[PDB]
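Read through the structure below, which is laid out as structure tokens, and then see the notes.
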Amino acid sequence: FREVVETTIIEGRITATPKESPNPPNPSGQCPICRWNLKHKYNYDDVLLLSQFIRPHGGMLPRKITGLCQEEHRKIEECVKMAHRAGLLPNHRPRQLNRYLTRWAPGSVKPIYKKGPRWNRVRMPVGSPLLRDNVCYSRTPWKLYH
Amino acid sequence: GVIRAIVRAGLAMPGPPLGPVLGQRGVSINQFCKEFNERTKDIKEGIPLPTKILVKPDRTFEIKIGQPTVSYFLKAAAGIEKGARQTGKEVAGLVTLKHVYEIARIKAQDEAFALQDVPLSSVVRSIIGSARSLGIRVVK
Amino acid sequence: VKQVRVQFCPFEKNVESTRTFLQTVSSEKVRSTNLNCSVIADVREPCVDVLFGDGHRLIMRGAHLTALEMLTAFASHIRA
Amino acid sequence: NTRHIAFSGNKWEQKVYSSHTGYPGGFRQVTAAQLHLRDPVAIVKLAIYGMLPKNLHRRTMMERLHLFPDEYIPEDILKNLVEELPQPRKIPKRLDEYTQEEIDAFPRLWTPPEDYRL
Amino acid sequence: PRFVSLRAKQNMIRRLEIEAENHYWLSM
Amino acid sequence: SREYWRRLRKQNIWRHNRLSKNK
Amino acid sequence: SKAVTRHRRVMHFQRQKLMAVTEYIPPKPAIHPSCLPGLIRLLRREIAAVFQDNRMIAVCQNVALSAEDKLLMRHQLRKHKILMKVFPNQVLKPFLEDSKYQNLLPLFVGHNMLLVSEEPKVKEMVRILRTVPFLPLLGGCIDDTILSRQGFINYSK
Amino acid sequence: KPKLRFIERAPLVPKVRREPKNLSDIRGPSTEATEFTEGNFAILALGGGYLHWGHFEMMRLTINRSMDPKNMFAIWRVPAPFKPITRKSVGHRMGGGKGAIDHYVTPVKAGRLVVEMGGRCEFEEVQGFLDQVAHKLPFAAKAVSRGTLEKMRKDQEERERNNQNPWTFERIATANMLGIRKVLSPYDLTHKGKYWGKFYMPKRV
RNA sequence: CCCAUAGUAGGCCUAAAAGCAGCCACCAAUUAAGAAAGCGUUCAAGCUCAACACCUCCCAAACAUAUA
Ligand SMILES: [Zn+2]
């Protein structure tokens, strides 16, 4: 990457460009996640994979720089949203309730003051619907609504 | 600002085509009419003349003129005072090729009108295209 | 701002960021609104000098930077 | 440690608890965050109370439930224990507790372009 | 209103497979 | 030629004008 | 109730079971398919005629002017027969590689504006570009020899 | 005449006989006026229903308002209101026979083309007021071209060919698989589950 | 994101209604801006689009991870 060194003098200094491991198991892919056989085999738990695709200030990297697929970049963006609210990224701040599997913003959900009847019950959304088609090791599927 | 008009040289003060349209920037209309009158003596009288007046922020007048218009010139070239109505099939003037070529020599000369095409085919093509939208038939 | 003096070297390896800086903001469109600024651009890793009238001297070596960040920098220095 | 509870998401602002003092106008709905700020014992207590069967043994089962909001346990309770039950949710350790070997074991996927500001 | 669960669908599927057996064995 | 492609561009502009009647 | 109602009538539960069992199931592939691998000729012979016409090419960054300023510079350079032309670089880079212009490859990027000629009046463009405090002189090439501004001034004087 | 002709409230000859509301003239696919003829665009009916005279007047006003008679022409396909719908007197009790004829009505089955566009007209310039007047229609409708009609028919055939479910409505209904024609209509042997009452299911194979 | 000159304030009737009050052709310039797709003015002037050049008081409690 490059950095903007300012002091008035301002310059752009190129420092410490990384690279991948030289052995992808699944070449000739489209996105690097497909290149490593990770299409449906990750969650919000792994934060190294999520941290390789974020700015140091917690922001999201864009598409063409990362080269991700549409569905897969949406999966990374939503998983980064879910992992920031779960406290899994403490070193990406600009400068208390514990959570996990959080879809919406904390200050944008109204409480369910009146849940409906059994046929029209308002339920609490748990976990992103973008992660439906992941590998399941149980036989009961992911209950996305509680 | 930039102001473009089609005020004819026959009359200096028509009225509403020059009174309220110039009353926003703030002008001294007597200087405008004396300049328009000396331009009228500088050319053949009784013809519409477009203007290039630019109202400066220092409140001064700069009037630039070129050739006469394109509607009345072609209509008087065909001897027409009031043009056709439909202008798609109705015709009143029958203008030959040689008259168009003769009036095209003194046309591509101006700077304010930006008719500065270096070949001959461009200007004559433009004015035949203009005459096709009017009631003038191109003979030969 | 009262003066800007920018040099670029396309005989060597070129930098497009300073060229777009010339094209979109170092023109008469901005000078039609900002009359007091005086531009000068010369051609031979590029250099952008901004002489403010009051007390500031801004020096830029716009080799690796993009246009958007340097435009935001000049906007911040104009706002000050 | 019934103060360091973690609901799975927006439950913290969507799950409400409704009570009624019998006087008119005494209907109180309080969300999970506000009730956790009121008393950090009540969420787990209400969950266990709703989990237990609805008979006359339930309030005697609640008397055998000892909930403490912090690490502190009184010495009469602390010397009484036998076995620690395993935690049912595997806590996802975040980026800081990761060792350097665990970071180096995961391969990087992609070259960034050589000129980007981040 | 009454809704359809996975048990009802799977029970329907199993009955339909038994009926497909019965359809095949009645054709010879 | 040049006039052919200018004419084709003119029909493209006309098509964009007629599709933009209700917007 | 009738068989035809204004609202969607509720079904028998065995009918709902039949409708839910007989739902459409789209085929799911084992691998996702999305994660698997005359005008231009007019530009061609027009700019090719331009290469075979001139013996130097000149270029600047003429978009820092108003439309009337374009008309004024077009008239000031219409006094001589120099041609000013604008065409995209996505087709001009193949024009450079076809015309064996290897040292002109990192020269034509961005907004570029050709100033082709057959005999020099370039001091006139010099003091047009000095009477305005902008709009530099991008380098050119006379008969397969590159010219910077110092070369432009040396050829001008 | 490239305009919608005026539609009368009732035919010139009256119908003195009261007709029963045979609601099976809504239910099912259309067989009259299902395919295009010398036109290009239409408002396809994705469901059946009654068109009243108010609906006819609103359609004519909406089409003829944003109208280009020099470039487009429009032809009715749904005829004049002929079915008599009768209403009893307000706040009166039952019995005493069938009520007097209130208003005249056309019935429209699903898949019916209502009006036809034609001329030097393209898709995007006509979806505007066609979608407006189709949203103002009583039943579900859609602005459908010649290309889009065949496009959705090809869609229906590829849905009925590409499905991996071994059990379709036609198989269970025709074979009487679970003894389940006890809860089905005899019309389900020809509707094949795509029709339920007056409604139509496009997404259902 | 851009970017908008000119035959021309297209003629007809209209005090003038100029692409935008209405009829008709809707040619043409460099290399490209439509005798005109929406604000806007009595009319103008100004503004956006394509195209050019970068591209009565809620109501089981709960739970997305252990092989059906
Ligand atoms: Zn992929």
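By order of appearance in the structure tokens: chains A, B, ..., then residues from 1 within every chain, and ligands from 1 in the order shown.
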
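Considering only C-alpha atoms (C1' of nucleotides) and all ligand atoms, every residue of the polymer chains approaching ligand 1 to 9 Å or closer is listed here: residues 29, 30, 31, 32, 33, 34, 35, 38, 39, 68, 69, 70, 71 and 72 of chain A; 32, 34, 35 and 36 of chain G.
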
Any chance you can output those residues with C-alpha atoms as a compact mmCIF listing (two decimals), in the first residue's frame?
# COMPACT_ATOMS: atom_id res chain seq x y z
CA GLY A 29 -11.47 -18.92 -10.20
CA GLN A 30 -13.18 -15.53 -10.20
CA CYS A 31 -12.89 -14.37 -6.59
CA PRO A 32 -9.98 -15.26 -4.26
CA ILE A 33 -12.43 -17.01 -1.92
CA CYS A 34 -13.43 -19.35 -4.75
CA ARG A 35 -9.70 -19.65 -5.46
CA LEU A 38 -14.15 -21.35 0.69
CA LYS A 39 -17.42 -20.74 -1.20
CA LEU A 68 -14.68 -10.56 -5.15
CA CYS A 69 -17.90 -12.02 -6.54
CA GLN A 70 -21.19 -10.18 -6.01
CA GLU A 71 -22.66 -12.72 -3.58
CA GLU A 72 -19.30 -13.30 -1.92
CA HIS G 32 -22.28 -21.90 -9.23
CA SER G 34 -21.37 -17.06 -12.08
CA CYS G 35 -18.09 -18.15 -10.43
CA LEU G 36 -16.83 -19.84 -13.62

If we count only C-alpha atoms (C1' of nucleotides), what is near region 114-124 of chain A at a cut-off of 9 Å, once residues fewer than 3 positions away on the same chain are taken out, given as a PDB file with N, CA and C atoms (P, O5', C5', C4', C3', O3' and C1' of nucleotides), in the first residue's frame?
ATOM      1  N   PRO A 111     -38.188  -1.839  19.658  1.00  0.00           N
ATOM      2  CA  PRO A 111     -38.507  -3.062  20.401  1.00  0.00           C
ATOM      3  C   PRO A 111     -39.845  -3.644  19.984  1.00  0.00           C
ATOM      4  N   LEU A 144     -32.988 -18.649  11.301  1.00  0.00           N
ATOM      5  CA  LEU A 144     -32.593 -17.260  11.128  1.00  0.00           C
ATOM      6  C   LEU A 144     -33.494 -16.283  11.868  1.00  0.00           C
ATOM      7  N   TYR A 145     -34.639 -16.729  12.376  1.00  0.00           N
ATOM      8  CA  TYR A 145     -35.567 -15.834  13.056  1.00  0.00           C
ATOM      9  C   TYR A 145     -35.936 -16.444  14.398  1.00  0.00           C
ATOM     10  N   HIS A 146     -35.812 -15.654  15.459  1.00  0.00           N
ATOM     11  CA  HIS A 146     -36.134 -16.118  16.800  1.00  0.00           C
ATOM     12  C   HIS A 146     -37.305 -15.335  17.377  1.00  0.00           C
TER      13      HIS A 146
ATOM     14  N   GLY D   9     -27.822 -11.000  19.209  1.00  0.00           N
ATOM     15  CA  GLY D   9     -28.184  -9.911  18.330  1.00  0.00           C
ATOM     16  C   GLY D   9     -29.204  -8.939  18.901  1.00  0.00           C
ATOM     17  N   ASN D  10     -30.049  -8.452  17.987  1.00  0.00           N
ATOM     18  CA  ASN D  10     -30.952  -7.332  18.227  1.00  0.00           C
ATOM     19  C   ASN D  10     -32.014  -7.623  19.278  1.00  0.00           C
ATOM     20  N   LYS D  11     -32.047  -8.851  19.814  1.00  0.00           N
ATOM     21  CA  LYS D  11     -32.747  -9.154  21.054  1.00  0.00           C
ATOM     22  C   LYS D  11     -32.448  -8.139  22.144  1.00  0.00           C
ATOM     23  N   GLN D  14     -34.807  -5.704  21.179  1.00  0.00           N
ATOM     24  CA  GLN D  14     -36.115  -6.144  20.706  1.00  0.00           C
ATOM     25  C   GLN D  14     -36.856  -7.006  21.709  1.00  0.00           C
ATOM     26  N   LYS D  15     -36.135  -7.748  22.537  1.00  0.00           N
ATOM     27  CA  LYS D  15     -36.771  -8.594  23.530  1.00  0.00           C
ATOM     28  C   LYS D  15     -37.244  -7.753  24.705  1.00  0.00           C
TER      29      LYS D  15
ATOM     30  N   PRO E   1     -55.586 -19.630  10.602  1.00  0.00           N
ATOM     31  CA  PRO E   1     -54.767 -20.183   9.518  1.00  0.00           C
ATOM     32  C   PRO E   1     -53.853 -21.318   9.978  1.00  0.00           C
ATOM     33  N   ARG E   2     -53.676 -22.317   9.117  1.00  0.00           N
ATOM     34  CA  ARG E   2     -52.859 -23.485   9.408  1.00  0.00           C
ATOM     35  C   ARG E   2     -51.795 -23.620   8.329  1.00  0.00           C
ATOM     36  N   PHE E   3     -50.575 -23.948   8.740  1.00  0.00           N
ATOM     37  CA  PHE E   3     -49.426 -23.947   7.849  1.00  0.00           C
ATOM     38  C   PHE E   3     -48.878 -25.358   7.702  1.00  0.00           C
TER      39      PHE E   3
ATOM     40  P     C I  58     -52.063  -6.761  26.039  1.00  0.00           P
ATOM     41  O5'   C I  58     -50.541  -6.459  25.689  1.00  0.00           O
ATOM     42  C5'   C I  58     -50.129  -6.206  24.355  1.00  0.00           C
ATOM     43  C4'   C I  58     -48.900  -7.003  24.009  1.00  0.00           C
ATOM     44  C3'   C I  58     -49.132  -8.478  23.733  1.00  0.00           C
ATOM     45  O3'   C I  58     -49.570  -8.724  22.410  1.00  0.00           O
ATOM     46  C1'   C I  58     -47.314  -8.231  25.223  1.00  0.00           C
ATOM     47  P     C I  59     -50.443 -10.029  22.083  1.00  0.00           P
ATOM     48  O5'   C I  59     -49.360 -11.186  21.973  1.00  0.00           O
ATOM     49  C5'   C I  59     -49.644 -12.502  22.412  1.00  0.00           C
ATOM     50  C4'   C I  59     -48.557 -13.008  23.322  1.00  0.00           C
ATOM     51  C3'   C I  59     -48.716 -14.435  23.817  1.00  0.00           C
ATOM     52  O3'   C I  59     -48.253 -15.376  22.862  1.00  0.00           O
ATOM     53  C1'   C I  59     -48.177 -13.011  25.634  1.00  0.00           C
TER      54        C I  59
END

Can you pull out the residues contacting region 3-16 of chain F? Cut-off 7 Å, using only C-alpha atoms (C1' of nucleotides), and skip same-chain residues under 2 positions away; I want them as a PDB file with N, CA and C atoms (P, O5', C5', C4', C3', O3' and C1' of nucleotides), in the first residue's frame.
ATOM      1  N   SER F   1     -20.089   6.501 -43.701  1.00  0.00           N
ATOM      2  CA  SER F   1     -19.155   7.617 -43.597  1.00  0.00           C
ATOM      3  C   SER F   1     -19.384   8.406 -42.312  1.00  0.00           C
ATOM      4  N   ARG F  18     -37.825   9.991 -27.403  1.00  0.00           N
ATOM      5  CA  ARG F  18     -39.156   9.391 -27.366  1.00  0.00           C
ATOM      6  C   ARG F  18     -39.345   8.434 -26.197  1.00  0.00           C
ATOM      7  N   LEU F  19     -38.284   7.776 -25.718  1.00  0.00           N
ATOM      8  CA  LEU F  19     -38.463   6.932 -24.541  1.00  0.00           C
ATOM      9  C   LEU F  19     -38.558   7.757 -23.262  1.00  0.00           C
ATOM     10  N   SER F  20     -38.118   9.014 -23.296  1.00  0.00           N
ATOM     11  CA  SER F  20     -38.136   9.887 -22.131  1.00  0.00           C
ATOM     12  C   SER F  20     -39.343  10.819 -22.108  1.00  0.00           C
TER      13      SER F  20
ATOM     14  N   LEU G  39     -17.456   3.138 -37.326  1.00  0.00           N
ATOM     15  CA  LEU G  39     -16.906   4.374 -36.780  1.00  0.00           C
ATOM     16  C   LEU G  39     -15.457   4.194 -36.346  1.00  0.00           C
TER      17      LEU G  39
ATOM     18  P     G I  34     -28.207  18.381 -32.482  1.00  0.00           P
ATOM     19  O5'   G I  34     -28.736  16.886 -32.651  1.00  0.00           O
ATOM     20  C5'   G I  34     -29.746  16.556 -33.595  1.00  0.00           C
ATOM     21  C4'   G I  34     -31.068  16.303 -32.913  1.00  0.00           C
ATOM     22  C3'   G I  34     -32.044  17.473 -32.894  1.00  0.00           C
ATOM     23  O3'   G I  34     -32.827  17.562 -34.075  1.00  0.00           O
ATOM     24  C1'   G I  34     -31.855  16.548 -30.715  1.00  0.00           C
ATOM     25  P     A I  50     -26.933  12.202 -19.447  1.00  0.00           P
ATOM     26  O5'   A I  50     -27.235  11.806 -20.962  1.00  0.00           O
ATOM     27  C5'   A I  50     -27.881  10.585 -21.291  1.00  0.00           C
ATOM     28  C4'   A I  50     -28.263  10.539 -22.750  1.00  0.00           C
ATOM     29  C3'   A I  50     -27.107  10.484 -23.741  1.00  0.00           C
ATOM     30  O3'   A I  50     -26.668   9.154 -23.964  1.00  0.00           O
ATOM     31  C1'   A I  50     -28.697  12.120 -24.421  1.00  0.00           C
TER      32        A I  50
END

**Item:** Residue hits in chain E, query chain H, radius 12 Å, only C-alpha atoms, as a count of residues only
**Value:** 14

**Message:** Select, as a PyMOL selection string, those residues of chain A with any atom no more than 9 Å from chain D (distances computed using only C-alpha atoms).
**Reply:** chain A and resi 1-4+12+14+17-21+24+32-33+35-36+45-49+51-52+54-57+61+65-67+82+85-91+97-107+109-113+124-127+146

**Message:** From a backbone DSSP assignment, name each residue in chain G labelled helix (DSSP H, G or I), as a ChimeraX atom specification.
**Reply:** /G:13-21,33-35,39-53,67-76,89-98,105-107,123-131,149-156

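The set of residues in chain A assigned to strand (DSSP E) by DSSP, using only backbone atoms of this structure, is residues 2, 3, 4, 5, 6, 9, 10, 11, 12, 13, 14, 98 and 99 of chain A.
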
**Asked** Do you know which residues are at most 10 Å from residue 19 (chain G) counting only C-alpha atoms (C1' of nucleotides), after dropping those on the same chain fewer than 4 positions away, and could you put them as a PyMOL selection string?
**Response** (chain E and resi 4) or (chain G and resi 11+13-15+23-24) or (chain H and resi 168-169+193-194+204)

**Asked** Near residue 145 (chain G), within 12 Å and counting only C-alpha atoms (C1' of nucleotides), which residues show up once chain neighbours fewer than 2 positions away are dropped, as an NGL selection string?
**Response** :G and (55-57 or 101-104 or 139-143 or 147-148 or 151-152)

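Separating CA of residue 27 (chain C) from CA of residue 90 (chain G) is a distance of 24.6 Å.
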
**Message:** So that I can check the surroundings of residue 114 (chain G), please list as a ChimeraX atom specification every protein, DNA and RNA residue that reaches within 12 Å of it, counting only C-alpha atoms (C1' of nucleotides) and ignoring chain neighbours fewer than 3 positions away.
**Reply:** /G:47,50-51,54,56-62,82-89,92,107-108,111,117,137-141

**Prompt:** Given a cut-off of 7 Å, which residues of chain C touch chain A, counting only C-alpha atoms, written out as a ChimeraX atom specification?
**Reply:** /C:57-65

Mind writing the picked residues with N, CA and C atoms as a PDB file, in the first residue's frame?
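New file result-v2.pdb:
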ATOM      1  N   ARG C  57       2.687  28.387   3.226  1.00  0.00           N
ATOM      2  CA  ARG C  57       3.411  27.919   2.045  1.00  0.00           C
ATOM      3  C   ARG C  57       3.173  26.412   1.953  1.00  0.00           C
ATOM      4  N   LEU C  58       2.498  25.978   0.888  1.00  0.00           N
ATOM      5  CA  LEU C  58       2.104  24.576   0.739  1.00  0.00           C
ATOM      6  C   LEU C  58       2.914  23.949  -0.393  1.00  0.00           C
ATOM      7  N   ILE C  59       3.643  22.880  -0.081  1.00  0.00           N
ATOM      8  CA  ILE C  59       4.493  22.188  -1.044  1.00  0.00           C
ATOM      9  C   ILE C  59       3.999  20.755  -1.189  1.00  0.00           C
ATOM     10  N   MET C  60       3.852  20.303  -2.434  1.00  0.00           N
ATOM     11  CA  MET C  60       3.341  18.976  -2.752  1.00  0.00           C
ATOM     12  C   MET C  60       4.251  18.288  -3.757  1.00  0.00           C
ATOM     13  N   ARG C  61       4.632  17.047  -3.458  1.00  0.00           N
ATOM     14  CA  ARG C  61       5.240  16.149  -4.441  1.00  0.00           C
ATOM     15  C   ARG C  61       4.197  15.095  -4.790  1.00  0.00           C
ATOM     16  N   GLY C  62       3.373  15.398  -5.789  1.00  0.00           N
ATOM     17  CA  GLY C  62       2.264  14.533  -6.143  1.00  0.00           C
ATOM     18  C   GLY C  62       2.625  13.414  -7.097  1.00  0.00           C
ATOM     19  N   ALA C  63       3.503  12.510  -6.662  1.00  0.00           N
ATOM     20  CA  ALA C  63       3.909  11.399  -7.517  1.00  0.00           C
ATOM     21  C   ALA C  63       2.949  10.220  -7.393  1.00  0.00           C
ATOM     22  N   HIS C  64       2.797   9.684  -6.183  1.00  0.00           N
ATOM     23  CA  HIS C  64       2.013   8.476  -5.970  1.00  0.00           C
ATOM     24  C   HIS C  64       0.589   8.743  -5.501  1.00  0.00           C
ATOM     25  N   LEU C  65       0.235   9.988  -5.197  1.00  0.00           N
ATOM     26  CA  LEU C  65      -1.096  10.271  -4.681  1.00  0.00           C
ATOM     27  C   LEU C  65      -2.098  10.373  -5.835  1.00  0.00           C
TER      28      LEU C  65
END

Give me the chain I side of the contact with chain G, cut-off 9 Å, one line per residue showing its nearest atom pair and distance in Å at one decimal, counting only C-alpha atoms (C1' of nucleotides), sorted by chain and residue number, as a Markdown table.
| residue | atom | partner | partner_atom | distance |
| --- | --- | --- | --- | --- |
| I:4 | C1' | G:67 | CA | 9.0 |
| I:5 | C1' | G:67 | CA | 5.9 |
| I:31 | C1' | G:86 | CA | 6.8 |
| I:53 | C1' | G:111 | CA | 6.1 |
| I:54 | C1' | G:110 | CA | 5.7 |

Keeping only N, CA and C atoms (P, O5', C5', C4', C3', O3' and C1' of nucleotides), take the residues you just selected and write them out as a PDB file, in the first residue's frame.
ATOM      1  P     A I   4     -19.259  23.207 -20.973  1.00  0.00           P
ATOM      2  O5'   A I   4     -20.300  23.579 -22.117  1.00  0.00           O
ATOM      3  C5'   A I   4     -19.976  23.378 -23.484  1.00  0.00           C
ATOM      4  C4'   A I   4     -21.183  22.952 -24.280  1.00  0.00           C
ATOM      5  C3'   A I   4     -22.404  23.850 -24.168  1.00  0.00           C
ATOM      6  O3'   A I   4     -22.322  25.006 -24.981  1.00  0.00           O
ATOM      7  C1'   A I   4     -23.060  21.594 -23.922  1.00  0.00           C
ATOM      8  P     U I   5     -22.251  26.461 -24.302  1.00  0.00           P
ATOM      9  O5'   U I   5     -21.612  27.380 -25.434  1.00  0.00           O
ATOM     10  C5'   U I   5     -22.334  27.682 -26.618  1.00  0.00           C
ATOM     11  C4'   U I   5     -21.435  27.679 -27.827  1.00  0.00           C
ATOM     12  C3'   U I   5     -22.050  28.209 -29.111  1.00  0.00           C
ATOM     13  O3'   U I   5     -22.050  29.624 -29.184  1.00  0.00           O
ATOM     14  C1'   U I   5     -20.936  26.174 -29.557  1.00  0.00           C
ATOM     15  P     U I  31     -12.769  17.413 -37.809  1.00  0.00           P
ATOM     16  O5'   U I  31     -14.082  16.522 -37.668  1.00  0.00           O
ATOM     17  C5'   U I  31     -14.016  15.098 -37.696  1.00  0.00           C
ATOM     18  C4'   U I  31     -14.782  14.459 -36.557  1.00  0.00           C
ATOM     19  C3'   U I  31     -16.292  14.691 -36.543  1.00  0.00           C
ATOM     20  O3'   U I  31     -16.909  13.556 -35.927  1.00  0.00           O
ATOM     21  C1'   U I  31     -15.364  15.563 -34.570  1.00  0.00           C
ATOM     22  P     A I  53     -14.856  12.117 -28.640  1.00  0.00           P
ATOM     23  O5'   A I  53     -13.459  12.783 -28.277  1.00  0.00           O
ATOM     24  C5'   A I  53     -12.595  12.169 -27.335  1.00  0.00           C
ATOM     25  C4'   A I  53     -12.195  13.130 -26.248  1.00  0.00           C
ATOM     26  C3'   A I  53     -11.915  12.510 -24.890  1.00  0.00           C
ATOM     27  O3'   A I  53     -10.638  11.908 -24.793  1.00  0.00           O
ATOM     28  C1'   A I  53     -13.320  14.370 -24.606  1.00  0.00           C
ATOM     29  P     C I  54     -10.521  10.384 -24.301  1.00  0.00           P
ATOM     30  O5'   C I  54     -10.690  10.474 -22.722  1.00  0.00           O
ATOM     31  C5'   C I  54      -9.562  10.656 -21.882  1.00  0.00           C
ATOM     32  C4'   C I  54      -9.692   9.864 -20.607  1.00  0.00           C
ATOM     33  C3'   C I  54     -10.450   8.552 -20.725  1.00  0.00           C
ATOM     34  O3'   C I  54      -9.633   7.497 -21.204  1.00  0.00           O
ATOM     35  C1'   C I  54     -11.222   9.757 -18.833  1.00  0.00           C
TER      36        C I  54
END
